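Here the structure is laid out as structure tokens; the discussion comes afterwards.
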Amino acid sequence: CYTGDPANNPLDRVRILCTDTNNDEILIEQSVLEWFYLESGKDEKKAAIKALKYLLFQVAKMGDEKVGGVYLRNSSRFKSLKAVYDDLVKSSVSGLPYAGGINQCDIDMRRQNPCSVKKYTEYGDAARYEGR
Amino acid sequence: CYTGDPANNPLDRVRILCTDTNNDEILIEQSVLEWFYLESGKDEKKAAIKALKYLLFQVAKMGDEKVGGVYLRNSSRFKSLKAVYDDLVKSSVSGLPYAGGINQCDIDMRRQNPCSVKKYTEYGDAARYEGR
Amino acid sequence: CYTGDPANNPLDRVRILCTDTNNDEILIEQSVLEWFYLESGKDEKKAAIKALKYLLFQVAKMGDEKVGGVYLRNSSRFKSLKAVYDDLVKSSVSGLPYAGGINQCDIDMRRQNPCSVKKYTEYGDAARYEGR
Amino acid sequence: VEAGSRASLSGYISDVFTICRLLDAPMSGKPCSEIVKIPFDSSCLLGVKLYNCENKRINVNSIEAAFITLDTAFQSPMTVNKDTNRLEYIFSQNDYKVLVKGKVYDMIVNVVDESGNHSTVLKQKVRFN
Amino acid sequence: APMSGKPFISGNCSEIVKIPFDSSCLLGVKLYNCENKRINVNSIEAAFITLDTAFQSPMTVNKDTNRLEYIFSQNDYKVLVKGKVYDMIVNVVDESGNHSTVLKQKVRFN
Amino acid sequence: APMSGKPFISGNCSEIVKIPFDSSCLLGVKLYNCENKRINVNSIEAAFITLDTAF
Amino acid sequence: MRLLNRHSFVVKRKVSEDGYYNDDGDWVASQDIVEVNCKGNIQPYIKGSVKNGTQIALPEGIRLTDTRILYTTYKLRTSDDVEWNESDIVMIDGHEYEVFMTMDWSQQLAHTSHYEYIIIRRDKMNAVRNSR
Amino acid sequence: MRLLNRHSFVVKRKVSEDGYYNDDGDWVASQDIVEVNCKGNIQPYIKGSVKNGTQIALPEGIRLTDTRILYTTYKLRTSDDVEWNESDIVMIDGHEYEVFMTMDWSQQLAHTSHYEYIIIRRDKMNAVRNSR
Amino acid sequence: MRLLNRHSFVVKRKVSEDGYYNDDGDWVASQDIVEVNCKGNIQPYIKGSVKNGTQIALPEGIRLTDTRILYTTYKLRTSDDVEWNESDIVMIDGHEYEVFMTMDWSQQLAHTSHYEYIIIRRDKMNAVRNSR
Amino acid sequence: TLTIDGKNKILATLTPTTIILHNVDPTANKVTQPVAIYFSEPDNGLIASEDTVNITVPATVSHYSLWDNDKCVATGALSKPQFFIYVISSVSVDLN
Numbered sequence: 002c003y004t005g006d007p008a009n010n011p012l013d014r015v016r017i018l019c020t021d022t023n024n025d026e027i028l029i030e031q032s033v034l035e036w037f038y039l040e041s042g043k044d045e046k047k048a049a050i051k052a053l054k055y056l057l058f059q060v061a062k063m064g065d066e067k068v069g070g071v072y073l074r075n076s077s078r079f080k081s082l083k084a085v086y087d088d089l090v091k092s093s094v095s096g097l098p099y100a101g102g103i104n105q106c107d108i109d110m111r112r113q114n115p116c117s118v119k120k121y122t123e124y125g126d127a128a129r130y131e132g133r
Numbered sequence: 002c003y004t005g006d007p008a009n010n011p012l013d014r015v016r017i018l019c020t021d022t023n024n025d026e027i028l029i030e031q032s033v034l035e036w037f038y039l040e041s042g043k044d045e046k047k048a049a050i051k052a053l054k055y056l057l058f059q060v061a062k063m064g065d066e067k068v069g070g071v072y073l074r075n076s077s078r079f080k081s082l083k084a085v086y087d088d089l090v091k092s093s094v095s096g097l098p099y100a101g102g103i104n105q106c107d108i109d110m111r112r113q114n115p116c117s118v119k120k121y122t123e124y125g126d127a128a129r130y131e132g133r
Numbered sequence: 002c003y004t005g006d007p008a009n010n011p012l013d014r015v016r017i018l019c020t021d022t023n024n025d026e027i028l029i030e031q032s033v034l035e036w037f038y039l040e041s042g043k044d045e046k047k048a049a050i051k052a053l054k055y056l057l058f059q060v061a062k063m064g065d066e067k068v069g070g071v072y073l074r075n076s077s078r079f080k081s082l083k084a085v086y087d088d089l090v091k092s093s094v095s096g097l098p099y100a101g102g103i104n105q106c107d108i109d110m111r112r113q114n115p116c117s118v119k120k121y122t123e124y125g126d127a128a129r130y131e132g133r
Numbered sequence: 028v029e030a031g032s033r034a035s036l037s038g039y040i041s047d048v049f050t051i052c053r054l055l056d057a058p059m060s061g062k063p069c070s071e072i073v074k075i076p077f078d079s080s081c082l083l084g085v086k087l088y089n090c091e092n093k094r095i096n097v098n099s100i101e102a103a104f105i106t107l108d109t110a111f112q113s114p115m116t117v118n119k120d121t122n123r124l125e126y127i128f129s130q131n132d133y134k135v136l137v138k139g140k141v142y143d144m145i146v147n148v149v150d151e152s153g154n155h156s157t158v159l160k161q162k163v164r165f166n
Numbered sequence: 057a058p059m060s061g062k063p064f065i066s067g068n069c070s071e072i073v074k075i076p077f078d079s080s081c082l083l084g085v086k087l088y089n090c091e092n093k094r095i096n097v098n099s100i101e102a103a104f105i106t107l108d109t110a111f112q113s114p115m116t117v118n119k120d121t122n123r124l125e126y127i128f129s130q131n132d133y134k135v136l137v138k139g140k141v142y143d144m145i146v147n148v149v150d151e152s153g154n155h156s157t158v159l160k161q162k163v164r165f166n
Numbered sequence: 057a058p059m060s061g062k063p064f065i066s067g068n069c070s071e072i073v074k075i076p077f078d079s080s081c082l083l084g085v086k087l088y089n090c091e092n093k094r095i096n097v098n099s100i101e102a103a104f105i106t107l108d109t110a111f
Numbered sequence: 001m002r003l004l005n006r007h008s009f010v011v012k013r014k015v016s017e018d019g020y021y022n023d024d025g026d027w028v029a030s031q032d033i034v035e036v037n038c039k040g041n042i043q044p045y046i047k048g049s050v051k052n053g054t055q056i057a058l059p060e061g062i063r064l065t066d067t068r069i070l071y072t073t074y075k076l077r078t079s080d081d082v083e084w085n086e087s088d089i090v091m092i093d094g095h096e097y098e099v100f101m102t103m104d105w106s107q108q109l110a111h112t113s114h115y116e117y118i119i120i121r122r123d124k125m126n127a128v129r130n131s132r
Numbered sequence: 001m002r003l004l005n006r007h008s009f010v011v012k013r014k015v016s017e018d019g020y021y022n023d024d025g026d027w028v029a030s031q032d033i034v035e036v037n038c039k040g041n042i043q044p045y046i047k048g049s050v051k052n053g054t055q056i057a058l059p060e061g062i063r064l065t066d067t068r069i070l071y072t073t074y075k076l077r078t079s080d081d082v083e084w085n086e087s088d089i090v091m092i093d094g095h096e097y098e099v100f101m102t103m104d105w106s107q108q109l110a111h112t113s114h115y116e117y118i119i120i121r122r123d124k125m126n127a128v129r130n131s132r
Numbered sequence: 001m002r003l004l005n006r007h008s009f010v011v012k013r014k015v016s017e018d019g020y021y022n023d024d025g026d027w028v029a030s031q032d033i034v035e036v037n038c039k040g041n042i043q044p045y046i047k048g049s050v051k052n053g054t055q056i057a058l059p060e061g062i063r064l065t066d067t068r069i070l071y072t073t074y075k076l077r078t079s080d081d082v083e084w085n086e087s088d089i090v091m092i093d094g095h096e097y098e099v100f101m102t103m104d105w106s107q108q109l110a111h112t113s114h115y116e117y118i119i120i121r122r123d124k125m126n127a128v129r130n131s132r
Numbered sequence: 003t004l005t006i007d008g009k010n011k012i013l014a015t016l017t018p019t020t021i022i023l024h025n026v027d028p033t034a035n036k037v038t039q040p041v042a043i044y045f046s047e048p049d050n051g052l053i054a055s056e057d058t059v060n061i062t063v064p067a068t069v070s071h072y073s074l075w076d078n079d080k081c082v083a084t085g086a087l088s089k090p091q092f093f098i099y100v101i102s103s104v105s106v107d108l109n
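Chains as they are written, first to last, in the entry's author numbering: chain C, 2 to 133; chain D, 2 to 133; chain D', 2 to 133; chain H, 28 to 41, 47 to 63, 69 to 166; chain G, 57 to 166; chain G', 57 to 111; chain E, 1 to 132; chain E', 1 to 132; chain E'', 1 to 132; chain I, 3 to 28, 33 to 64, 67 to 76, 78 to 93, 98 to 109. A prime marks a further copy of an entry chain.
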């Protein structure tokens with residue numbers, strides 16, 4: 002039910018972010034999409050990422066069908082959809098890695114934890130005039 | 002049947018969490034879904050994890066059927082659905098991994114167990130003034 | 002629709018940069034393309050990198066369809082298109098690779114960080130008259 | 028450099049010929070959806086025909102003070118054309134002063150009978166190109 | 057020019073009219089009412105032809121042949137860019153001063 | 057409203073009637089006996105309409 | 001299934017089966033007509049000399065004959081002299097289509113049991129009543 | 001799609017549907033004829049005793065009969081006595097081809113919905129007018 | 001292509017199309033006959049009651065009827081009363097074969113556009129001239 | 003050669019506000039009292055009347073003129090001289 006108005010309709014913006022903008026091939030129900038949007042509060046990005054996960058399940062279920070004259074084959078859709086999904090979404094890293102013992106401020110901050118086991122010697126023991 | 006009212010109907014919320022919302026291909030009976038909802042106390046999230054396994058079992062059973070004119074092929078739905086499931090549910094981890102002997106507040110608590118085998122030496126033995 | 006006027010029409014320039022110029026097989030809606038163009042500010046090059054991903058998603062969805070007389074088979078378009086994409090866009094590198102400790106003008110700038118762990122010895126320590 | 032100039036006048040010594053776009057309103061309830074289009078800043082007559090509960094076309098003899106509403110834009114009164122048996126309206130050039138170009142609007146038609154009851158006899162989507 | 061927005065047969069995409077660049081060309085229009093019957097131009101007072109970002113001009117209301125007509129000229133091509141696609145709009149004036157956009161069409165000059 | 061629980065044609069799922077929110081709507085009902093013939097309302101004394109948890 | 005429910009149409013069933021012959025001998029159709037909503041699939045019927053949307057030239061003018069095949073899970077019935085009931089009517093494009101043939105594939109298999117009907121467009125003629 | 005739009009042809013539709021019978025009884029065709037541009041695909045029709053470009057020998061001389069099948073997404077209409085409209089005309093090789101049959105495959109599937117028509121070359125005859 | 005040009009044969013085309021009817025009513029064929037060289041492929045035509053090299057027994061004696069199908073890229077024409085031209089002749093085994101049917105597959109595809117013709121052996125009869 | 007921007011910026015200044023009919027081409035030969043007229047914004051170097059206007063004559069008229078200051082800025086001839098309400102259906106001025 003994409004009305005071709007991404008400028009105004011946030012539901013259309015979500016329907017663009019998750020690729021379901023085709024009136025003859027509507028796989029995600031309007032009522033389902035609205036509920037996802039409300040659960041995400043108003044974040045179109047989170048609504049879209051929820052709807053994409055739901056769409057994976059929706060596609061994986063369907064299979065080939067034949068009625069007199071008309072024959073639809075769907076067994077190959079999931080392979081392509083998953084291949085695109087893991088490449089474009091699952092593999093996108095966000096945040097930063099961690100490198101232990103590289104930052105003095107981090108080291109001193111973590112030294113304050115009382116519930117931590119105590120090492121016999123640390124890195125800087127040979128240069129502290131005050132020991133400890 | 003999915004009534005298109007997830008906001009108000011807790012059963013619709015479950016039918017969304019589980020992906021059995023398509024009215025033409027109802028795979029989970031309404032009575033079965035209600036029984037799951039009751040047996041889970043009343044928790045839409047916690048009913049879905051059982052409904053999904055029931056749906057996996059239901060999908061694994063069916064095969065290809067032909068009757069004059071129509072024809073339906075269900076032999077790949079399982080191979081797609083299990084692949085989706087193992088990725089989106091099975092491999093999702095929750096909780097924390099234990100690391101041995103890293104927390105003093107835990108070591109001292111574990112020391113109180115009477116049925117634990119005595120060790121000849123422990124980590125801090127070299128600096129205990131009192132001994133033991 | 003591609004109007005055959007890339008020189009004057011910025012939307013035609015985008016429809017050329019993206020390869021959706023064939024009027025018989027319009028795959029990207031004109032409204033969607035305009036919305037991408039606006040969201041990218043106004044940059045034909047920068048809209049194409051989003052339109053291409055949208056097109057990948059659109060192509061991955063479709064399957065084989067038969068109606069009496071006609072018949073269309075779309076199960077390999079994705080396998081070809083992703084192969085073209087990974088070669089012509091994904092593997093194209095831009096920017097420079099960093100090499101550690103090769104530029105003195107960079108080493109001395111990094112030395113100003115206060116939250117960096119002190120090293121006992123550095124490369125030039127053997128020839129510093131002043132020490133430190 | 029030259030520009031030339033022109034002048035034009037028209038008139039007569041003592047009708048409406050605007051573009052018309054028609055709709056049907058089934059009172060029976062029984063008729069991803071159509072979107073009516075009207076050029077922006079262009080006068081356009083909008084008409085609607087009533088169909089009774091049996092789905093005949095029904096006389097508009099009854100019905101008074103029918104209203105038209107452009108959602109979150111404005112509300113206006115509508116004319117009960119009892120000759121052609123259609124409820125009619127004409128988008129005036131004042132209306133476009135508060136209408137956004139390109140945006141999609143919802144429209145509603147209300148009917149007030151002789152008993153004071155109000156009925157919503159039509160809902161439709163439109164947009165002004 | 058079908059009023060009421062009905063294309064006689066529901067095509068797709070956009071059709072482009074092509075005219076030689078430096079040649080006068082008589083362009084006419086035909087009017088059809090809401091029931092696809094042919095309208096008589098006697099009820100039309102005036103009409104303005106428009107080429108976007110190029111110019112606007114009054115247009116000959118030919119009641120004899122029952123068509124609206126405009127003729128390009130060499131001084132007209134002094135602002136038109138060769139090859140570029142120009143949108144086209146036809147406006148009408150009623151007896152009560154109503155203004156209607158009866159037709160929009162894409163044009164270009166070879 | 058077919059008495060005896062027979063749907064005239066055995067469909068599936070549930071059908072939902074839709075009415076505009078803020079508009080009066082005349083809602084009627086038709087009665088059919090155990091043999092699908094049309095019943096006359098003369099034999100009815102009273103009837104109570106119900107909307108669950110509403111009124 | 002999804003393909004068996006692509007189309008939605010109205011069916012007029014004469015619920016009462018009390019048609020009889022008047023004291024004058026004229027036929028009186030069953031009185032209580034009831035409208036219903038059904039879902040199925042409609043396709044042209046290609047076989048032998050069948051005529052789909054065929055224009056027929058006659059000395060009296062021009063006619064139009066059409067006939068289709070309908071797949072559905074709803075049990076429509078044709079005329080039967082032993083059971084003493086009349087046939088159903090299907091509204092397609094606003095015209096009447098009388099059910100003339102039936103093929104019982106029900107109770108054959110679980111997920112593919114259905115029915116097939118051949119429906120012929122009703123010819124144009126003036127109306128007359130004989131009701132007693 | 002590309003193969004459905006290989007050919008371009010002209011169609012004469014009698015837009016007005018006001019044909020009537022004179023006070024003398026003669027037929028008067030609808031007045032307003034309108035030309036249109038359409039795209040489709042034209043192929044010979046091979047079935048039974050169909051005659052494609054077949055020369056016919058008669059005592060009066062020689063005739064030529066031809067008939068074809070047309071695939072297109074445009075909705076052409078044949079004669080209909082109930083709706084009271086006349087058939088369309090298709091210009092092939094400069095001659096007229098009257099639409100005699102239609103097959104409605106529309107609204108069946110997303111990317112493969114279309115129409116099929118059987119068009120017969122109009123026979124040669126002299127012209128006469130009865131207009132009132 | 002190679003298989004479309006396996007055979008070489010002669011074609012007699014009546015280049016002039018000025019045939020007319022004498023002042024006495026007799027037919028006068030077009031005068032200017034021209035010979036040409038063409039290439040194609042000739043095979044027997046197997047369909048229905050078609051007669052290839054079939055001996056026919058009659059009270060008057062014995063006849064021989066033959067007919068073939070010809071694939072070629074050359075545009076041969078049959079008789080046409082509207083265009084007012086006569087059919088071509090193909091020389092096979094030294095006998096005449098008149099083109100009676102045509103099937104236009106041209107402009108369909110790049111490398112496989114061609115024509116099909118059904119050619120019937122001309123019957124034996126004595127000659128008479130009416131030229132004015 | 004004036005571009006569209008120049009023409010649009012130009013016609014914004016003219017702003018006529020009255021019209022007078024004349025028995026013959028003109033201040034001379036006035037036949038009717040002036041009546042106001044409102045004009046729309048310019049586009050493509052063209053301005054048109056925003057609405058209809060009614061003029062009355064007791067007498068024949070075959071010409072007209074526009075004023076604003079009371080300055081005459083344009084004149085023109087009626088398509089047909091008319092004996093004698099003369100309704101001015103529309104009027105426009107352009108630089109093309």
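Cβ coordinates follow ideal geometry from the N, Cα and C atoms, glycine included.
Within the region 62-77 of chain C, the residues whose Cβ lies closer than 7 Å to any Cβ of chain E are, in chain order, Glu-66, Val-68, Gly-69, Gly-70, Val-71 and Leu-73. For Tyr-115(E'), the enclosing beta strand (DSSP E) begins and ends at 115-121. Three or more beta-carbon pairs drawn from the region 35-49 of chain E'' and the region 63-81 of chain E'' are found closer than 8 Å, and the two stretches are therefore classed as touching. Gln-112(G) is bridged by DSSP to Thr-106(G). Contact annotation: the region 108-126 of chain E' does not touch the region 88-99 of chain E'', with fewer than three C-beta pairs closer than 8 Å. Using a Cβ-Cβ cut-off of 8 Å, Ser-156(H) counts as an interface residue toward chain G', since at least one Cβ of chain G' sits closer than that to its own.
Rounded to the nearest angstrom, the gap between the Cα atoms of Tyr-55(C) and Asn-75(D') is 23 Å.
When the five nearest sequence neighbours on each side are left out, the beta carbons in the same chain lying within less than 6 Å of the beta carbon of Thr-78(E'') are those of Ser-87, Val-99 and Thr-102, in order along the chain. Proximity of chain D' to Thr-20(C) at the Cβ level (cut-off 8 Å) is accounted for by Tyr-55, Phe-58, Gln-59 and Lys-62, in chain order.
Nearest CB-CB separation between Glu-30(C) and chain E': not below the 8 Å threshold. Listed in chain order, the positions of the region 119-148 of chain G with a beta carbon within less than 7 Å of a beta carbon of chain I are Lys-134.
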